[PDB]
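Structural overview for review
Listed here are the chains, written in short residue letters.
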Amino acid sequence: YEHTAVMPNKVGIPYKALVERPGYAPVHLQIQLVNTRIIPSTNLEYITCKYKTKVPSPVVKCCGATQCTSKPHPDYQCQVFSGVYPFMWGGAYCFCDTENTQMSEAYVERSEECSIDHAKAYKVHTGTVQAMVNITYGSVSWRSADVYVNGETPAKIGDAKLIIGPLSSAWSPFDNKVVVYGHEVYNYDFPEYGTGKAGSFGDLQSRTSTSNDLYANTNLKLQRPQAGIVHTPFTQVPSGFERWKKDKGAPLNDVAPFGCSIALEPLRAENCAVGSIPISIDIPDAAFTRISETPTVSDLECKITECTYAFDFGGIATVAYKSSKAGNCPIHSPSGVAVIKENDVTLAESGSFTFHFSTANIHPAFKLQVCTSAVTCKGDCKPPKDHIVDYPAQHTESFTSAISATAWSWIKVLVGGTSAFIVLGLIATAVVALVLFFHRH
Amino acid sequence: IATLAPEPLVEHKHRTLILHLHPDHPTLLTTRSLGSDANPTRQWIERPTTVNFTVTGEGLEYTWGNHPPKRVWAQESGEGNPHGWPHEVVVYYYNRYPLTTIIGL
């Protein structure tokens, strides 16, 4: 047989459904999600890290002049300073006064911490969504294997093929450009490897951590050495990667809506709760027994003994039956008012059992089916005294959940007497029209 | 090894979580809501302060210090009672739906 329905996109709450093959005993089916990972497709453009400017030894040809070529180096610098007359240890360097030459070249390269901490720049594109489901049906125990969340690919779990339908929302928490620094990801724009504004993020850009081509503009400017010493000074703006580490805002795993938890190694966005997921499960024909070998109940009367508004299993109801024979048969409430904690019950000849439920209604008018037979339950509920708890709701809050019997009485008094007032005006209008017509002829 | 903050004193009111924080170092406290909008707060606590956070039925998640994050959900307790005189029915639905009964009356 095949049972198709739609489940909500919530993780810790199982979805209970009762398949109904006529002529066979019903099978209680329970589908529970474990994970929900939205995995986009990324490509790595470039990385970035703090630089380390290295200075070669300057040449001192100090009777004459020297010139340089243009070596291929990121942010390479040349200068010639004339008439320096330096003073090393053990006297002055050379005899020629007031005409000298010092080169003092410089060159920018990446540091040795770039292997440990760096920021990876990614462009994302919408990709696969997959999830892990824990399932059971009938007497089969819990067996789990992960599926693909698209309405095409079936997955064999146990002996039943499950086709998890597409999500109703196309929402993904990643913008088109993300930065992955260490443990957390961000939503930040790139200069796209061509430009670098020397102080914000792309002062140093490298395509791979071991790559040989480097982009570097750090405004490296050479400076004249002073007072007759051999050293090479320079001035440059600080690294923007070190500045980005100070000013970075909150990461994406702290501002994500719908309670998404962001993981890293395939760049998942795990356990979001948005939309709904349709299902379609093909159940094997060997899991159905004939109805002549199962209990069948009649004369059902349902009484609710205690009900509580809270979203904990505080609702209790006992029903009275008289089955045809002893055995086990499941229970289920198909309406959206209350969920049922129990899966199956053990029966006898003319006994009574109790089940625990959970509802968000003041007056639960739900019905439940036991042993392919339905019975309507009614009662009143009281609010709880706890204000904040640390578990999610088991039920679903509707629109007319909070309206009580006294509030319905005041609405019907208001609506009923308003229309009765305005109809009496319409009745009395048509009454004097007849007696004015009857005056003439 | 990084320092661990002292535990806050949590106090519960109707749709409000109150946190009494007594740190000894400048400590980061970041919260978010588990609904369609995150509405995120982020601040460094240096002196002993108290902060009140509004928790709806969707949830709230707060991280304090180097502790693991904790999630809290708000129930439907309320203040009035729905059965009774009209000065009690109106009060109960105002504490539950504060805007809908203003334009509903």
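Residues numbered from 1 in each chain as written, not as in the entry; some residues may be left out. Chains lettered and ligands numbered in written order. Part of a larger assembly, values for the part shown. Heavy atoms only, no water.

- Structure determination for this PDB entry was carried out by cryo-EM, with a resolution of 4.8 Å recorded in the header.

1. A look at the overall build of chain B
- If you tally the helices and strands in chain B, you get two helices and seven strands.
- Seen in sequence order, chain B has helices and strands lined up from the N terminus as β-β-β-β-β-β-β-α-α.
- Dimensions along the principal axes, computed over C-alpha positions, put chain B at roughly 60 × 25 × 20 Å.
- Considering chain B as a whole, with its 105 residues, one finds that 39% of them fall into the buried category.
- Taking as baseline every contact in chain B between residues at least 6 positions apart, the subset at least 24 positions apart corresponds to 47%.
- When the accessible surface of chain B is split by element, carbon and sulfur atoms take 58% of a total near 6,400 Å². (Helix = DSSP H or I, 4+ residues; strand = E, 2+ residues; numbered from the N terminus. Buried < 20%, exposed > 50% of the residue type's maximum accessible area, 1.4 Å probe, protein only. Contact = heavy atoms within 4.5 Å. Areas by Shrake-Rupley, 256 points an atom, 1.4 Å probe, with all protein chains shown as cover.)

2. Regarding the nonpolar core
Residues and elements named next belong to chain A.
- Of all hydrophobic cores here, the largest spans 26 residues; its most connected members are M7, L29, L162, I164, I279 and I281.
- Counting residues per element, the ones that place at least two in this core are β2 (15-19), β3 (27-38), β10 (129-137), β12 (155-157), β13 (160-162) and β22 (276-282).
- Dropping the residues within four chain positions of it, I164 is found in contact with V147, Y148, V149, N150, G151, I277, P278 and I279.
- Listed in part, the 25 residues of the second largest apolar core include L300, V345, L347 and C371. (Core = buried A, V, L, I, M, F, W, Y, C linked by side-chain atoms within 4.5 Å.)

3. What about the UniProt feature "disulfide bond" in chain A?
All names here are of chain A.
- For the UniProt disulfide linking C49 with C114, the SG atoms sit 2.0 Å apart, under 2.5 Å and consistent with a formed bond. Separated by 65 residues along the polypeptide, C49 in the loop between β4 (41-48) and β5 (51-54) and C114 in the loop between β8 (107-110) and β9 (119-125) bring together distant segments of the chain.
- By relative accessible area, which is 1% here, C49 ends up buried.
- For the UniProt disulfide linking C329 with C371, the SG atoms sit 2.0 Å apart, under 2.5 Å and consistent with a formed bond. Here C329 is found in strand β25 (residues 327-332), whereas its partner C371 is found in the loop between β29 (367-370) and β30 (374-376), with 42 residues between them in sequence. Both residues of the pair, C329 and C371, belong to the buried class. (Disulfide = S-S within 2.5 Å. UniProt positions renumbered as here; feature names shortened; annotations may be inferred.)

4. Brief notes about the state of the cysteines
Residue and element names in this part refer to chain A.
- Applying the stated rule across the entire model yields eight disulfides over all chains.
- Residue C68 pairs covalently with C78 via a disulfide, S to S 2.0 Å. One end of the pair, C68, is in the loop between β5 and β6 (81-82); the other, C78, is in the loop between β5 and β6, with ten residues separating them in the sequence.
- You can call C68 partly exposed: its relative accessible area is 35%.
- Look at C78 and you get partly exposed, because its relative accessible area is 26%.

5. Some points on the interface of chain B and chain A
- Residue-level contacts link 29 residues of chain B with 31 residues of chain A.
- Counting each side, the surface lost to burial between chain B and chain A is near 2,600 Å², with a carbon and sulfur contribution of 56%.
- When the buried surface of chain B facing chain A is broken down by residue, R32, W73 and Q75 of chain B rank first, second and third, together holding 28% of it.
- Taken together, chain B and chain A are joined by one salt bridge.
- A salt bridge links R96 of chain B to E397 of chain A; the shortest N-O distance between them is 2.9 Å.
- One can count twelve residue pairs in polar contact joining chain B with chain A.
- Elements represented by at least two residues in the side of chain B that touches chain A include exactly β1 (9-13), β2 (16-21), β7 (70-74) and α1 (86-96) of chain B.
- Counting residues per element, the side of chain B that touches chain A draws most heavily on α1 of chain B, at five residues.
- Among the residues making up the side of chain B that touches chain A, the classes are represented as 14 nonpolar, nine polar and six charged.
- With two bridges joining them, strand β31 (residues 388-389) of chain A and β7 of chain B adopt antiparallel strand pairing. (Buried area = accessible area lost by both parts, 1.4 Å probe. Salt bridge = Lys/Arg side-chain N within 4 Å of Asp/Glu carboxyl O. Polar contact = N/O pair within 3.5 Å; in protein donor to acceptor, adjacent residues only side chain to side chain. Nonpolar A, V, L, I, M, F, W, Y, C, P; charged D, E, K, R; others polar. Pairing = 2+ DSSP bridges.)

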